[PDB]
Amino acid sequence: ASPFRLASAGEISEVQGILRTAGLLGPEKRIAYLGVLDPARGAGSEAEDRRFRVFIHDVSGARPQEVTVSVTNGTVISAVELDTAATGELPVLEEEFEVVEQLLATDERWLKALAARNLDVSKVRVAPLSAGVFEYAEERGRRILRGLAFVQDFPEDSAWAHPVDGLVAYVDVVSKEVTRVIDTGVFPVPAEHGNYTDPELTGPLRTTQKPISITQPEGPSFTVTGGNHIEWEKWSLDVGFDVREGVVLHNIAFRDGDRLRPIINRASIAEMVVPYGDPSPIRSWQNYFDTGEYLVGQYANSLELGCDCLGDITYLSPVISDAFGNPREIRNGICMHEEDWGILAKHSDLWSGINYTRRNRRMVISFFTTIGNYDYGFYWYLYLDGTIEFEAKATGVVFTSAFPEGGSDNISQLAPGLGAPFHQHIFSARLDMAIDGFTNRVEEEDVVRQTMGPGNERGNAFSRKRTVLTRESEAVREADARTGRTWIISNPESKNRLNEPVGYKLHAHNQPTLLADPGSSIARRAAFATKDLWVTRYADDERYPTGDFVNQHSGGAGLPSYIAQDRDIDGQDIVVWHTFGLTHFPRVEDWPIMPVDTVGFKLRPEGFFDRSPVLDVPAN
């Protein structure tokens, strides 16, 4: 019944049928993206209309299309031909990944480079990586992938332990031609294996860990209705899934007494970029847009009970489309459970004699994706006290290179001859805010130090200041950890009982933003990553901080173009875009498989409630 329900297999089958009969899904066609559209802004919107947006690739070389279809009515709403030299290429297709290694295997330049290194071509794996936009004029308007080589000594070997440095190839995956093979010189291929299940490397497994049993004898405290609507400890929300963004949270609201109060209309990780900082021409082009170029939802893992998700787990199994429009279920792709979270509030009062302790809990919604060597967990947390938090967990295998004999300023050494280039992992959270409704504004809050003097004779005073961001041209902000900078999203038309506007405070981790030179290709294409906070006026078609078609787009799309409209954001329907990331100088302990590291952000109530919202939590 809900317009925010997960897409079903039947809906995807109907989209396939509509496209086929319209002549848009012949045998040369591939679906590169398919997803449901959110309802347009309408508090009186009643008529059910489920619409899907589709990107259609053509393997014969014809122009791709963007298509919108109504599943409810069985109609094509619009279909537009794309000029990819102008607006960007379509996301990378899973089936194009295999093409790179196969094409190189019969290319004479590639074979000569391998023969010089005495490598068997049947043992050489090629990582197919996005191309970006650099100096090669012949690439404009063509779908290019670049390939880096790794040796697999046997079928179960970790090829990441054996990079083939000094070699890179560029491939046109539509015309199926190898455009360039660059061989800058022979580097020894690192010889140690990195097989983390080999007993020779692990040694004897520990026998010291005793079980931790986490159970809910009465079942969980949350309810799931209509497939994806969650109610838990005054929270209300809908859990969506999109093949590009992954888990999306809709309609986050909090039931305060008799009233359901909105907080966030839509929360997602709208882009994720992994830029590499090695100036070698073998890798200086390397930048993954995992969300925009690869689509993180389509590589979501099936999560196994007792290993990936521990406790009383409720699973969702989202459905996506394959390249031909058939539905594909991601079994157990989303874990939902509640977790104990220590002490919530505690006080032992001498004067009253009352001893008071209460425990905290959080609701966890998570999924895990795998893109080549890296694995990322995406965690959303809801706490009893109104806090909302996101956490990304990075693990997997680090991307490797040779370690040059005379050291390096841009690569760390992991093992003899084995390097790991410096890189970042930078996320963009898109928060379509709805603090008590859609009339919102953002204030920047800094600590203010005060000088000893009149009115501050002991030199102890300190204060704070708030600056309203009133237009998009002034809403591109930088962190300042030294002054305790945070941002408050408030509703100027909704006051608490003290006659102050209700609000929520965003607490950032204040990690470094994009390090690349401001003139670089990556700084132009990932402009969102150069600043910590952006605020835009809501618009239906401003979905991603990098634009709709990220692959091989020349730059400037997304947030810089949106902000240029300079719209009023002072008491309006606004969107907060928060950049946050990890700067990774790999350490020896990251090899041969990396222990999890984390980064995130949180939002806490700031005068949203009239007092603590957890006074009604029992002692239990």
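Numbering starts at 1 and follows the sequence shown.
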item: Between 65-73 and 41-49 (mean CA B-factor, as deposited), the higher; value: 41-49
item: 609-617 versus 4-12 - which carries the larger mean C-alpha B factor in the record; value: 4-12
item: Selection from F399, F150, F97, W534 [criterion: highest C-alpha temperature factor in the record]; value: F97
item: Selection from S554, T579, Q572, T583 [criterion: highest C-alpha temperature factor in the record]; value: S554
item: B-factor third for the C-alpha atom of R143 within its chain; value: highest
item: Chain-wide C-alpha B factor ranking for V92, given as lowest, middle or highest third; value: middle
item: Among modelled residues of the same chain, the CA temperature factor third for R259; value: highest
item: Where the record places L114 (Cα B-factor, split into thirds across the chain); value: highest
item: Entry-reported Cα temperature factor of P128, expressed as the chain third it lands in; value: highest
